[PDB]
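Below, chains carry the letters A, B, ... as their sequence lines are ordered, and counting in each starts from 1. Hydrogens, waters and symmetry mates are skipped; everything else that's a heavy atom, side chains included, is used.
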Amino acid sequence: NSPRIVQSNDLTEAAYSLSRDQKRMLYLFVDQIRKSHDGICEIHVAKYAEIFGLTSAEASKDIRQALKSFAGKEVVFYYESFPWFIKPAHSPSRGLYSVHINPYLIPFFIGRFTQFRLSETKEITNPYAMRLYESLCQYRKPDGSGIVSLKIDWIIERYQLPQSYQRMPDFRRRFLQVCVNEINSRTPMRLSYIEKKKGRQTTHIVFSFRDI
DNA sequence: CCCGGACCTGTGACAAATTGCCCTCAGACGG
DNA sequence: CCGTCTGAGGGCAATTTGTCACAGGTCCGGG
Ligand SMILES: [Mg+2]
Ligand SMILES: [Mg+2]
Ligand SMILES: [Mg+2]
Ligand SMILES: [Mg+2]
Ligand SMILES: [Mg+2]
Ligand SMILES: [Mg+2]
């Protein structure tokens with residue numbers, strides 16, 4: 001009943017490492033850009049706080065640190081690499097931020113597409129669970145269900161999981177179980193899965209889901 | 001044969017990072 | 001001018017995320 005995010009599958013499937021707060025800002029950029037090619041977006045502290053139920057102070061802290069942490073971050077489309085920002089962010093007015101997204105990213109944002117309402121993701125905390133929920137939406141049916149098999153090496157490459165999750169028991173305990181639990185507790189989706197094996201190695205995860 | 005070895009699992013510890021909270025004080029504005 | 005609503009700073013303890021040692025399973029093959 002809330003803003004409807006839509007994005008090219010190329011972003012859903014891109015390789016990058018962003019925090020929760022950065023991904024939150026990124027949804028509004030994609031929304032602003034889409035409602036129109038200069039790459040200039042803006043974020044208001046007082047509106048961000050209302051959208052995500054934060055105080056003005058903690059809103060200010062999240063934006064500021066998110067913004068300075070974009071520096072040096074890059075995005076790869078499988079491959080081709082780009083910087084997100086081509087100028088530091090800056091504040092012309094108190095409570096207002098202005099940002100310069102790489103105009104070469106515009107066609108990767110708007111294209112074979114993914115869509116969800118912002119209320120679906122705004123309570124998720126772990127950013128890897130946000131990645132997972134975006135990739136499942138890419139396969140959702142009008143009625144709200146789907147089934148998809150994701151390869152483990154591709155999950156590790158695209159979501160840029162940290163090195164110790166290449167050991168399968170650590171992958172299970174700290175990524176897979178936590179993110180399925182968040183989705184089931186924080187979104188209107190109800191998710192289950194099963195592991196596919198080849199010899200002793202586990203190679204894919206097969207996800208099934210329906211809507212509440 | 002049958003050991004050492006190369007694989008695989010899960011769990012207990014600890015280290016590093018993130019969470020929502022709390023308090024201070026100056027900016028912008030309007031009555 | 002000043003009182004109030006903001007937000008830009010400085011911090012906190014409680015949880016979560018990231019890493020690795022060690023117990024305990026299987027199957028393989030040469031000396
Ligand atoms: Mg992280
Ligand atoms: Mg925060
Ligand atoms: Mg023995
Ligand atoms: Mg093996
Ligand atoms: Mg025992
Ligand atoms: Mg043994």
Write down the distance between CZ (A:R173) and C1' (C:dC20), rounded to a whole number of angstrom.
11 Å
Quickly work out the A:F52 CZ to B:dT19 P distance and round it to whole Å.
13 Å
From the candidates B:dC7, B:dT9, B:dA28, the one with an atom nearest any side-chain atom of A:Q201 is B:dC7
Does B:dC21 have its sugar in the north or the south range once you look at the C1'-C2'-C3'-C4' torsion?
south
As a test of reading the structure: which of C:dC20, B:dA28, B:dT9 is closest to the side chain of A:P169, going by heavy atoms?
B:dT9
According to a strict under-4.0 Å criterion, is A:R94 in side-chain N/O contact with OP1 or OP2 of C:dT6?
no
Over 60° means perpendicular and under 30° means parallel, so classify the ring planes of A:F77 and A:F108, tilted if in between.
parallel
A:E182: partners by side chain to side chain donor-acceptor pair (under 3.5 Å), with sequence neighbours left out
none
Sign of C1'-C2'-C3'-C4' at B:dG20: does that make it north or south?
south
Examine distances only and state if a side-chain atom of A:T187 and a backbone atom of A:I183 form a donor-acceptor pair shorter than 3.5 Å.
yes
Tell me whether the side-chain N/O atoms of A:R200 come closer than 4.0 Å to OP1 or OP2 in C:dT26.
no
When the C1'-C2'-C3'-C4' sign is the only test used, does the sugar of B:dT9 come out north or south?
north
Among B:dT19, C:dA8, B:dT11, the nucleotide that comes nearest once only the side chain of A:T125 is considered:
B:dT19
Closer to the 5' end of DNA chain B via nearest nucleotide, is it A:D62 or A:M168?
A:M168
Residue-phosphate contact under 4.0 Å: A:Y97 side-chain N/O, C:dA8 OP1/OP2
yes
Can you check whether A:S56 has a side-chain N or O nearer than 4.0 Å to OP1 or OP2 of C:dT6?
no
Nearest heavy atoms of A:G111 and A:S8, plus distance in Å:
N-CB, 4.1 Å
C:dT16 P sits how many Å from A:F175 CZ, rounded?
18 Å
For A:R167 and B:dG10, what is the distance between atoms CZ and P respectively, to the nearest whole Å?
9 Å
From the list A:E134, A:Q138, A:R158, A:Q7, side chain to side chain donor-acceptor pair (under 3.5 Å) partner of A:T12 resolves to A:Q7
North (positive) or south (negative) by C1'-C2'-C3'-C4': which describes C:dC27?
south
So which protein nitrogen or oxygen atoms get under 3.5 Å of nucleotides 21-23 of chain B's nitrogens or oxygens?
unit_1: B:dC21; atom_1: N4; unit_2: A:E58; atom_2: OE1; d: 2.8

Considering just the side-chain nitrogens and oxygens of A:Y128, establish if one lies under 4.0 Å of OP1 or OP2 belonging to C:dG18.
yes
For the pair A:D170 and A:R167, find out whether any cationic side-chain nitrogen is under 4.0 Å from an anionic carboxylate oxygen.
yes
Look at the aromatic rings of A:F29 and A:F85 and report parallel, tilted or perpendicular, splitting at 30° and 60°.
perpendicular
For atom OH of A:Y48 and atom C1' of C:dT6, their distance in whole Å
18 Å
Quick one: which of A:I155, A:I205, A:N181 gives a side-chain contact (heavy atoms from CB on, under 4.5 Å) with A:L176?
A:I205
With A:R131 as the cation and A:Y16 as the aromatic partner, state whether NZ or CZ is under 6.0 Å from the six-membered ring centre and within 45° of the axis.
yes
Can you confirm whether A:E80 is buried at CD, in the sense that more than 12 heavy atoms of other residues, nucleotides or ligands lie under 6.0 Å from that atom?
no
So does A:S60 get a side-chain nitrogen or oxygen closer than 4.0 Å to the phosphate oxygens (OP1/OP2) of C:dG7?
no
Expressed in angstrom and rounded to an integer, what is the separation of A:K47 atom NZ from C:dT6 atom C1'?
17 Å
Dot-bracket notation for DNA chain C is requested: 5' to 3', Watson-Crick or G-U wobble pairs only, both distances under 3.5 Å, with ( ), [ ], | and . as defined.
||||||||||||||||||||||||||||||.
CG of A:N181 versus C1' of C:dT15: gap in Å, rounded?
16 Å
Just which groove, major or minor, has its base atoms within reach of the side chain of A:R64, if reach is under 5.0 Å?
major
Rounded to the Å, how far apart are A:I124 CD1 and B:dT18 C1'?
17 Å
Remember a base hit wins even if backbone is also touched, and classify A:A46 as base, sugar-phosphate or nothing at under 4.0 Å, heavy atoms.
sugar-phosphate
For A:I152 versus A:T202, what's the shortest heavy-atom pair and its separation?
CD1-O, 3.6 Å
Is the shortest side-chain N/O distance from A:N126 to OP1 or OP2 of C:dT16 below 4.0 Å?
no
Under the convention that a positive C1'-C2'-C3'-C4' torsion is north and a negative one south, the sugar ring of B:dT19 is north
Check the phosphate of B:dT9 against A:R172, side-chain N and O only, distance under 4.0 Å to OP1 or OP2. Yes or no?
yes
